[PDB]
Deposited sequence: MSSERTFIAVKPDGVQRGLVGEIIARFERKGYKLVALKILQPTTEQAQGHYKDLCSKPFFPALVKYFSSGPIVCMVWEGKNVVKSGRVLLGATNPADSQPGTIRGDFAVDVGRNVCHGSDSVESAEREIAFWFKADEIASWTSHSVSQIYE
């Protein structure tokens, strides 16, 4: 509707195979503003937050069905995943649980903000 946020993350298997550039770029080219980032340490992981109108449903469509075997080429699991264990990434589930996800990972100051062009 306006200025809604959502939460993506990159599982240990993505990071390890060299995919962090690829994911980030697909979000840039759609039009969505990036607003916080960091890494953390099984294996390591990358956390982010993306802002624009509908970022919630759009994200889910970019990623592809959660069971690789069901997803479509053109999407991220469609071009790179094979099983549900090793499925490369997680994206925020609903315009509610965006918050329980964000607020549980990102302290107040970390989130920046600015106007685009």
Sequence ranges without modelled C-alpha atoms (deposited numbering): 42-68, 145-151
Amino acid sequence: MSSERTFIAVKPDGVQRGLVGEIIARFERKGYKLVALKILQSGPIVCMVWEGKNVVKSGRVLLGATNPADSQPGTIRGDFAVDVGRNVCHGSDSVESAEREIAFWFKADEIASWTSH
From here on, numbers count along this sequence of modelled residues.
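So that the term is clear: the rigid core is the largest set of C-alpha atoms that superpose within 1.5 Å between two forms.
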Stretch with greater C-alpha deviation in 5 other deposited structures of this protein, 104-112 versus 5-13 (rigid core superposition): 104-112
Between the two ranges 79-87 and 23-31, the one averaging a larger CA B factor in the entry: 79-87
Mean Cα B-factor comparison, 99-107 or 14-22, giving the higher one as deposited: 99-107
Residue of maximum C-alpha B factor among 58, 66, 41, 72, per deposited coordinates: 41
